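Raw contents of query_35.pdb, PDB, C-alpha atoms (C1' of nucleotides) and all ligand atoms:
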```pdb
ATOM      1  CA  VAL C   7     -14.770  97.727 -24.778
ATOM      2  CA  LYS C   8     -15.438  96.566 -21.254
ATOM      3  CA  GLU C   9     -17.907  99.069 -19.811
ATOM      4  CA  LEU C  10     -19.425  99.552 -23.279
ATOM      5  CA  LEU C  11     -20.847  96.064 -22.718
ATOM      6  CA  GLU C  12     -21.052  96.143 -18.922
ATOM      7  CA  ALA C  13     -23.531  98.995 -19.295
ATOM      8  CA  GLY C  14     -25.837  96.602 -21.174
ATOM      9  CA  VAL C  15     -27.953  94.821 -18.523
ATOM     10  CA  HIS C  16     -24.960  93.956 -16.319
ATOM     11  CA  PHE C  17     -25.550  96.671 -13.685
ATOM     12  CA  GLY C  18     -28.477  97.775 -11.567
ATOM     13  CA  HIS C  19     -30.267  95.390  -9.239
ATOM     14  CA  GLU C  20     -32.131  94.655  -6.017
ATOM     15  CA  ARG C  21     -34.395  97.417  -4.658
ATOM     16  CA  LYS C  22     -34.517  98.122  -0.878
ATOM     17  CA  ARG C  23     -32.942  94.770   0.030
ATOM     18  CA  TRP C  24     -29.395  95.970   0.346
ATOM     19  CA  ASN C  25     -26.451  95.115   2.569
ATOM     20  CA  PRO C  26     -25.341  98.680   3.321
ATOM     21  CA  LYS C  27     -21.642  97.836   3.606
ATOM     22  CA  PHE C  28     -21.831  97.531  -0.191
ATOM     23  CA  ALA C  29     -22.526 101.278  -0.405
ATOM     24  CA  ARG C  30     -19.008 102.000  -1.640
ATOM     25  CA  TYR C  31     -20.042 101.015  -5.145
ATOM     26  CA  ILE C  32     -23.737 101.897  -5.009
ATOM     27  CA  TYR C  33     -24.262 104.906  -7.240
ATOM     28  CA  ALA C  34     -27.874 106.024  -7.255
ATOM     29  CA  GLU C  35     -31.499 104.991  -6.806
ATOM     30  CA  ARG C  36     -33.872 105.269  -9.752
ATOM     31  CA  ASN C  37     -37.085 103.296 -10.171
ATOM     32  CA  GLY C  38     -36.161 101.889  -6.746
ATOM     33  CA  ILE C  39     -33.217  99.989  -8.229
ATOM     34  CA  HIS C  40     -29.845 100.678  -6.640
ATOM     35  CA  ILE C  41     -27.814 101.376  -9.769
ATOM     36  CA  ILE C  42     -24.145 100.544  -9.315
ATOM     37  CA  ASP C  43     -21.316 102.793 -10.480
ATOM     38  CA  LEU C  44     -19.325 101.412 -13.400
ATOM     39  CA  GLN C  45     -15.984 103.198 -12.903
ATOM     40  CA  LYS C  46     -15.123 101.658  -9.551
ATOM     41  CA  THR C  47     -16.719  98.495 -10.963
ATOM     42  CA  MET C  48     -14.205  98.274 -13.815
ATOM     43  CA  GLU C  49     -11.234  99.181 -11.634
ATOM     44  CA  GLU C  50     -12.314  96.485  -9.197
ATOM     45  CA  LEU C  51     -12.601  94.159 -12.191
ATOM     46  CA  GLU C  52      -8.928  94.865 -12.830
ATOM     47  CA  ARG C  53      -8.144  94.342  -9.139
ATOM     48  CA  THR C  54      -9.682  90.871  -9.422
ATOM     49  CA  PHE C  55      -8.289  90.070 -12.848
ATOM     50  CA  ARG C  56      -4.725  90.923 -11.885
ATOM     51  CA  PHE C  57      -5.001  88.295  -9.142
ATOM     52  CA  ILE C  58      -6.720  85.823 -11.476
ATOM     53  CA  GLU C  59      -4.021  86.280 -14.104
ATOM     54  CA  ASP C  60      -1.415  85.694 -11.406
ATOM     55  CA  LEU C  61      -2.897  82.727  -9.521
ATOM     56  CA  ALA C  62      -4.420  81.153 -12.622
ATOM     57  CA  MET C  63      -1.111  80.389 -14.337
ATOM     58  CA  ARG C  64       0.696  79.725 -11.049
ATOM     59  CA  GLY C  65      -0.852  76.251 -11.050
ATOM     60  CA  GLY C  66      -3.738  77.711  -9.083
ATOM     61  CA  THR C  67      -7.269  76.441  -9.480
ATOM     62  CA  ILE C  68     -10.548  78.362  -9.413
ATOM     63  CA  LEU C  69     -13.711  76.812  -7.991
ATOM     64  CA  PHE C  70     -16.811  78.120  -9.744
ATOM     65  CA  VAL C  71     -19.757  78.203  -7.345
ATOM     66  CA  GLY C  72     -23.227  79.043  -8.548
ATOM     67  CA  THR C  73     -26.558  77.761  -7.297
ATOM     68  CA  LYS C  74     -29.418  79.987  -8.487
ATOM     69  CA  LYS C  75     -31.645  79.294 -11.476
ATOM     70  CA  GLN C  76     -30.185  82.372 -13.176
ATOM     71  CA  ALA C  77     -26.559  81.232 -13.071
ATOM     72  CA  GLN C  78     -26.620  77.446 -13.345
ATOM     73  CA  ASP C  79     -25.737  76.360 -16.852
ATOM     74  CA  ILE C  80     -23.736  79.474 -17.726
ATOM     75  CA  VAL C  81     -21.483  78.482 -14.848
ATOM     76  CA  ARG C  82     -21.428  74.850 -15.971
ATOM     77  CA  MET C  83     -20.473  75.746 -19.549
ATOM     78  CA  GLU C  84     -17.778  78.308 -18.826
ATOM     79  CA  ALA C  85     -16.343  76.454 -15.852
ATOM     80  CA  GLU C  86     -15.142  73.250 -17.492
ATOM     81  CA  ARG C  87     -13.102  75.017 -20.169
ATOM     82  CA  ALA C  88     -10.007  75.750 -18.099
ATOM     83  CA  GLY C  89      -9.910  72.528 -16.082
ATOM     84  CA  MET C  90     -11.443  74.399 -13.191
ATOM     85  CA  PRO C  91     -13.901  72.568 -10.917
ATOM     86  CA  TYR C  92     -17.415  73.829 -10.390
ATOM     87  CA  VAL C  93     -20.646  73.402  -8.504
ATOM     88  CA  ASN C  94     -23.549  73.879 -10.907
ATOM     89  CA  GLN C  95     -26.139  72.134  -8.724
ATOM     90  CA  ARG C  96     -26.585  72.578  -4.944
ATOM     91  CA  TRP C  97     -23.156  73.093  -3.498
ATOM     92  CA  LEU C  98     -23.112  70.891  -0.440
ATOM     93  CA  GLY C  99     -22.147  71.533   3.148
ATOM     94  CA  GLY C 100     -18.412  71.557   3.463
ATOM     95  CA  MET C 101     -17.029  70.589   0.127
ATOM     96  CA  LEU C 102     -13.939  72.570   1.140
ATOM     97  CA  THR C 103     -13.406  72.129   4.895
ATOM     98  CA  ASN C 104     -14.603  68.527   4.706
ATOM     99  CA  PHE C 105     -12.730  67.924   1.448
ATOM    100  CA  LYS C 106     -10.876  64.867   2.766
ATOM    101  CA  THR C 107     -14.287  63.287   3.425
ATOM    102  CA  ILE C 108     -15.926  64.229   0.136
ATOM    103  CA  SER C 109     -12.853  62.752  -1.526
ATOM    104  CA  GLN C 110     -14.478  59.448  -0.537
ATOM    105  CA  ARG C 111     -17.547  60.460  -2.501
ATOM    106  CA  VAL C 112     -15.370  61.331  -5.491
ATOM    107  CA  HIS C 113     -13.748  57.910  -5.166
ATOM    108  CA  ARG C 114     -17.149  56.277  -4.979
ATOM    109  CA  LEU C 115     -17.905  58.157  -8.205
ATOM    110  CA  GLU C 116     -14.722  56.708  -9.731
ATOM    111  CA  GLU C 117     -15.377  53.180  -8.416
ATOM    112  CA  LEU C 118     -18.918  53.508  -9.762
ATOM    113  CA  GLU C 119     -17.614  54.533 -13.166
ATOM    114  CA  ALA C 120     -15.676  51.313 -12.929
ATOM    115  CA  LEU C 121     -19.056  49.622 -12.390
ATOM    116  CA  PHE C 122     -20.569  51.381 -15.402
ATOM    117  CA  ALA C 123     -18.089  49.787 -17.829
ATOM    118  CA  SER C 124     -18.108  46.476 -16.006
TER     119      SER C 124
ATOM    120  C1'   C Q   1     -33.742  34.710  28.848
ATOM    121  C1'   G Q   2     -38.378  37.614  29.419
ATOM    122  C1'   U Q   3     -39.445  42.547  28.725
ATOM    123  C1'   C Q   4     -40.182  47.906  26.338
ATOM    124  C1'   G Q   5     -41.191  45.275  21.100
ATOM    125  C1'   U Q   6     -40.478  43.242  15.191
ATOM    126  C1'   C Q   7     -41.239  48.693  18.193
ATOM    127  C1'   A Q   8     -38.309  52.259  14.012
ATOM    128  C1'   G Q   9     -35.025  53.437  16.400
ATOM    129  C1'   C Q  10     -29.833  54.103  18.656
ATOM    130  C1'   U Q  11     -25.374  56.044  17.067
ATOM    131  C1'   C Q  12     -20.514  57.123  15.028
ATOM    132  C1'   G Q  13     -16.437  59.327  11.630
ATOM    133  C1'   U Q  14     -15.530  63.983   9.474
ATOM    134  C1'   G Q  15     -17.336  69.097   8.777
ATOM    135  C1'   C Q  16     -20.270  73.183  10.632
ATOM    136  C1'   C Q  17     -22.806  75.890  14.703
ATOM    137  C1'   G Q  18     -22.900  76.764  19.883
ATOM    138  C1'   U Q  19     -18.384  79.479  25.621
ATOM    139  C1'   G Q  20     -20.652  74.800  26.828
ATOM    140  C1'   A Q  21     -24.119  70.763  27.745
ATOM    141  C1'   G Q  22     -25.369  69.654  22.891
ATOM    142  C1'   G Q  23     -27.349  70.166  18.200
ATOM    143  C1'   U Q  24     -26.723  69.309  12.832
ATOM    144  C1'   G Q  25     -26.602  64.544  10.052
ATOM    145  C1'   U Q  26     -31.865  61.923  11.821
ATOM    146  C1'   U Q  27     -35.296  68.506  10.569
ATOM    147  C1'   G Q  28     -39.274  69.741   6.522
ATOM    148  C1'   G Q  29     -43.158  68.470   3.266
ATOM    149  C1'   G Q  30     -44.196  63.129   0.454
ATOM    150  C1'   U Q  31     -43.946  58.107   1.334
ATOM    151  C1'   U Q  32     -44.132  53.116   3.128
ATOM    152  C1'   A Q  33     -44.405  47.788   7.380
ATOM    153  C1'   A Q  34     -39.990  50.595   8.460
ATOM    154  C1'   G Q  35     -34.616  56.131   9.913
ATOM    155  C1'   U Q  36     -37.959  52.749   3.284
ATOM    156  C1'   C Q  37     -36.846  56.044  -0.516
ATOM    157  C1'   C Q  38     -36.503  60.274  -3.210
ATOM    158  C1'   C Q  39     -36.779  66.351  -3.420
ATOM    159  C1'   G Q  40     -34.719  70.239  -0.814
ATOM    160  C1'   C Q  41     -31.321  71.263   2.756
ATOM    161  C1'   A Q  42     -24.285  72.449   6.962
ATOM    162  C1'   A Q  43     -24.077  68.631   5.966
ATOM    163  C1'   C Q  44     -21.374  64.250   3.365
ATOM    164  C1'   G Q  45     -21.199  59.336   4.432
ATOM    165  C1'   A Q  46     -20.974  55.052   7.401
ATOM    166  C1'   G Q  47     -22.270  51.161  11.674
ATOM    167  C1'   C Q  48     -25.963  48.236  14.496
ATOM    168  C1'   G Q  49     -31.448  48.162  13.456
ATOM    169  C1'   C Q  50     -35.473  47.716   9.095
ATOM    170  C1'   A Q  51     -35.602  45.151   4.390
ATOM    171  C1'   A Q  52     -33.182  41.258   1.934
ATOM    172  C1'   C Q  53     -29.700  36.789   2.221
ATOM    173  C1'   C Q  54     -32.376  31.332   5.591
ATOM    174  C1'   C Q  55     -36.470  27.832   6.002
ATOM    175  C1'   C Q  56     -41.551  26.181   5.501
ATOM    176  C1'   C Q  57     -46.286  26.758   2.754
ATOM    177  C1'   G Q  58     -47.976  28.294  -2.256
ATOM    178  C1'   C Q  59     -47.331  27.160  -8.661
ATOM    179  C1'   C Q  60     -44.117  25.122 -12.512
ATOM    180  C1'   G Q  61     -39.815  22.325 -14.313
ATOM    181  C1'   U Q  62     -35.116  18.533 -14.249
ATOM    182  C1'   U Q  63     -33.358  13.997 -11.728
ATOM    183  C1'   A Q  64     -35.044   9.844  -9.195
ATOM    184  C1'   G Q  65     -38.439   6.024  -8.471
ATOM    185  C1'   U Q  66     -39.493  -1.502  -3.486
ATOM    186  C1'   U Q  67     -44.924   5.193  -1.909
ATOM    187  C1'   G Q  68     -47.922   5.898  -6.037
ATOM    188  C1'   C Q  69     -52.000   4.817  -9.944
ATOM    189  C1'   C Q  70     -56.359   0.160 -14.643
ATOM    190  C1'   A Q  71     -53.727   3.179 -19.649
ATOM    191  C1'   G Q  72     -52.875  -1.565 -21.670
ATOM    192  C1'   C Q  73     -54.147  -7.191 -23.534
ATOM    193  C1'   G Q  74     -54.754 -10.091 -18.719
ATOM    194  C1'   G Q  75     -54.364 -13.180 -14.489
ATOM    195  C1'   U Q  76     -57.186 -12.878 -10.558
ATOM    196  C1'   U Q  77     -55.737 -15.974  -3.030
ATOM    197  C1'   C Q  78     -60.635 -12.586  -7.137
ATOM    198  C1'   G Q  79     -57.241  -8.310  -3.185
ATOM    199  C1'   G Q  80     -52.792  -1.830  -4.947
TER     200        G Q  80
HETATM  201 MG    MG V 201     -24.360  62.257  17.146
HETATM  202 MG    MG V 202     -15.367  76.510  18.673
HETATM  203 MG    MG V 203     -31.891  52.917   7.505
END
```
The structure given in the file should be rewritten as structure tokens.
Amino acid sequence: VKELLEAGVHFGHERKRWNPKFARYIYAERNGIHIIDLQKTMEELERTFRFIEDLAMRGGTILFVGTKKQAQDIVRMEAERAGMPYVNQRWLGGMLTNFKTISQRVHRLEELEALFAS
RNA sequence: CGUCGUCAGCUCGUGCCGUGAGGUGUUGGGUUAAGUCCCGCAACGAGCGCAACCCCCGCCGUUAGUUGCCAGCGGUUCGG
């Protein structure tokens, strides 16, 4: 019910542009495309999802980062529905390490939403 | 105080990179008088600069008329 759908379009990408440390999961090469194996894919999906199901109800927050044209609005839609923050548009330089500084930009957003209804 | 020159610049906080000096921000294309602004961006902002806030000169209005003008019967030293 997982790989029945994951075998839809959700596997098989970039030809001859490959980071070869990813070759654990890389299955074959047909029409140039490095097709990715689905078995280790789904077990690695469980390895992620066990951690997500732990640290998602432990008060832990997920930060959904996606910048390409392909993954913009389907990150923006599915990111706001668990309270989890996202970056739909260009994710800036140091939102995380410089978080205490970009908190000032969030507060300027709040003190500008004060100036909207003003 | 003159000067580079009213020239568009010089920086900082924090983050990143770099052993380090130091970058980055401030590069790039566009744009203006301008580091002016926006689009991308390891940058996000901020400070002094620029601009604007000041004043004159421009037009119009309100108030005010011992300057000002004939519109007015009309004096008339016959002259604002
Ligand atoms: Mg500096
Ligand atoms: Mg270091
Ligand atoms: Mg400036």
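The chain Q residues that come within 10 Å of chain C are residues 13, 14, 15, 16, 40, 41, 42, 43, 44 and 45 of chain Q, with only C-alpha atoms (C1' of nucleotides) taken into account.
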Would you translate the PyMOL selection byres (((not hetatm)) within 12 of (chain V and resi 202)) into the concrete set of residues it matches in this file, as a PDB file with C-alpha atoms (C1' of nucleotides), keeping the file's coordinate frame?
```pdb
ATOM      1  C1'   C Q  16     -20.270  73.183  10.632  1.00  0.00           C
ATOM      2  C1'   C Q  17     -22.806  75.890  14.703  1.00  0.00           C
ATOM      3  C1'   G Q  18     -22.900  76.764  19.883  1.00  0.00           C
ATOM      4  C1'   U Q  19     -18.384  79.479  25.621  1.00  0.00           C
ATOM      5  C1'   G Q  20     -20.652  74.800  26.828  1.00  0.00           C
TER       6        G Q  20
END
```
Give as an mmCIF file with C-alpha atoms, in the frame of the given file the residues that the PyMOL selection byres (((chain C and resi 72) around 10) and not hetatm) matches when applied to the coordinates above.
```cif
data_model
loop_
_atom_site.group_PDB
_atom_site.id
_atom_site.type_symbol
_atom_site.label_atom_id
_atom_site.label_comp_id
_atom_site.auth_asym_id
_atom_site.auth_seq_id
_atom_site.Cartn_x
_atom_site.Cartn_y
_atom_site.Cartn_z
ATOM 1 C CA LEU C 69 -13.711 76.812 -7.991
ATOM 2 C CA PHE C 70 -16.811 78.120 -9.744
ATOM 3 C CA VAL C 71 -19.757 78.203 -7.345
ATOM 4 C CA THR C 73 -26.558 77.761 -7.297
ATOM 5 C CA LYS C 74 -29.418 79.987 -8.487
ATOM 6 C CA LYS C 75 -31.645 79.294 -11.476
ATOM 7 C CA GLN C 76 -30.185 82.372 -13.176
ATOM 8 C CA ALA C 77 -26.559 81.232 -13.071
ATOM 9 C CA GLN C 78 -26.620 77.446 -13.345
ATOM 10 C CA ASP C 79 -25.737 76.360 -16.852
ATOM 11 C CA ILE C 80 -23.736 79.474 -17.726
ATOM 12 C CA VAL C 81 -21.483 78.482 -14.848
ATOM 13 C CA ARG C 82 -21.428 74.850 -15.971
ATOM 14 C CA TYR C 92 -17.415 73.829 -10.390
ATOM 15 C CA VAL C 93 -20.646 73.402 -8.504
ATOM 16 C CA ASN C 94 -23.549 73.879 -10.907
ATOM 17 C CA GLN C 95 -26.139 72.134 -8.724
ATOM 18 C CA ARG C 96 -26.585 72.578 -4.944
ATOM 19 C CA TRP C 97 -23.156 73.093 -3.498
#
```
Within 8 Å of ligand MG 203 (chain V), counting all atoms listed in the file, residues as a PDB file with C-alpha atoms (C1' of nucleotides), in the coordinates of the input:
```pdb
ATOM      1  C1'   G Q  35     -34.616  56.131   9.913  1.00  0.00           C
ATOM      2  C1'   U Q  36     -37.959  52.749   3.284  1.00  0.00           C
ATOM      3  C1'   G Q  49     -31.448  48.162  13.456  1.00  0.00           C
ATOM      4  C1'   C Q  50     -35.473  47.716   9.095  1.00  0.00           C
TER       5        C Q  50
END
```
Around stretch 58-65 of chain C, with edges along x, y and z and 8 Å added on all six sides, what centre and edge lengths do you get, in Å to one decimal, as JSON?
```
{"center_x": -3.0, "center_y": 81.3, "center_z": -11.9, "size_x": 23.4, "size_y": 26.0, "size_z": 20.8}
```
Given 12 Å and all atoms listed in the file, residues near ligand MG 201 (chain V) as a PDB file with C-alpha atoms (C1' of nucleotides), in the frame of the given file:
```pdb
ATOM      1  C1'   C Q  10     -29.833  54.103  18.656  1.00  0.00           C
ATOM      2  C1'   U Q  11     -25.374  56.044  17.067  1.00  0.00           C
ATOM      3  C1'   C Q  12     -20.514  57.123  15.028  1.00  0.00           C
ATOM      4  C1'   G Q  13     -16.437  59.327  11.630  1.00  0.00           C
ATOM      5  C1'   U Q  14     -15.530  63.983   9.474  1.00  0.00           C
ATOM      6  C1'   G Q  22     -25.369  69.654  22.891  1.00  0.00           C
ATOM      7  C1'   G Q  23     -27.349  70.166  18.200  1.00  0.00           C
ATOM      8  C1'   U Q  24     -26.723  69.309  12.832  1.00  0.00           C
ATOM      9  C1'   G Q  25     -26.602  64.544  10.052  1.00  0.00           C
ATOM     10  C1'   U Q  26     -31.865  61.923  11.821  1.00  0.00           C
TER      11        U Q  26
END
```
